[PDB]
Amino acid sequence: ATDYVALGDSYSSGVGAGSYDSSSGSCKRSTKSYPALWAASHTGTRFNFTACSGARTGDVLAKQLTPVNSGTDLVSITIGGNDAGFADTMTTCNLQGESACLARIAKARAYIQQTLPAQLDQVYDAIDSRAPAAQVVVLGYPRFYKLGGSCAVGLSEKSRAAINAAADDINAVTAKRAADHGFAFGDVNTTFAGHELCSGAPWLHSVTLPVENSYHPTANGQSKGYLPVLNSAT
């Protein structure tokens, strides 16, 4: 292949997919994450994996862009969820009930729609400058829930739908920002459809243990949800 930098948050590092690289520390970079799977299946990949659990756009700027340079051939990224406080939102939703959940989501969605686009530009501008020849793939987040059926979970239908809408919002904002820098956008709903929570075939962890894994892709989610989307953009 060649010089692949994989940036982003826990959906890119692979929190929830297991088999973590011990040196990544709290970044929780999984060898079963889509970037690690990509590198392991493309011969000769110089794989710079800087994605990190908990990362915001600011963390990408401060800690992750170091190996991004004129030599970079491929950049992947998921980022923006933590900026919008998704982890915090999910936690609140599963503890404080529907009203608090809906309020927290609304606040997150306001962030996504209003505040996030410029922060994405911050990151994408950096990629523009440092790695002008790199093919850049921005991957979205999956809608977390399949709606319409009975589902054995604590979040109400309303809460599920609201969280889905947040995903829809962030994916819309991100696809347009990505395209605005000439980056590819990888919509992971193309693969996660039929594999949301409540789908009967989840490729996401529900609210689970260890706590950090909740709402993140399973190993199957990384290998067949995220990775095929990266591969589709090559």
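Just count from 1 along the sequence shown to find any residue number.
- Higher mean CA temperature factor between 90-98 and 118-126: 90-98, per the PDB entry.
- Annotation for 81-89 versus 131-139: the higher mean temperature factor (C-alpha) is found in 81-89.
- Sorting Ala62, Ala165, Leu37, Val68 by the CA temperature factor given in the entry leaves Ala62 at the top.
- In the deposited entry, the Cα temperature factor of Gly16 sits in the middle third of values across the chain's modelled residues.
- Among all modelled residues in this chain, the alpha-carbon of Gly25 has a temperature factor (C-alpha) in the highest third.
- In this PDB entry, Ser76 carries a Cα temperature factor that places it within the lowest third of its chain's modelled residues.
- For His195, the recorded CA temperature factor ranks within the lowest third of the chain's modelled residues.
- The entry lists a Cα temperature factor for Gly186 that places it in the lowest third of the chain's modelled residues.
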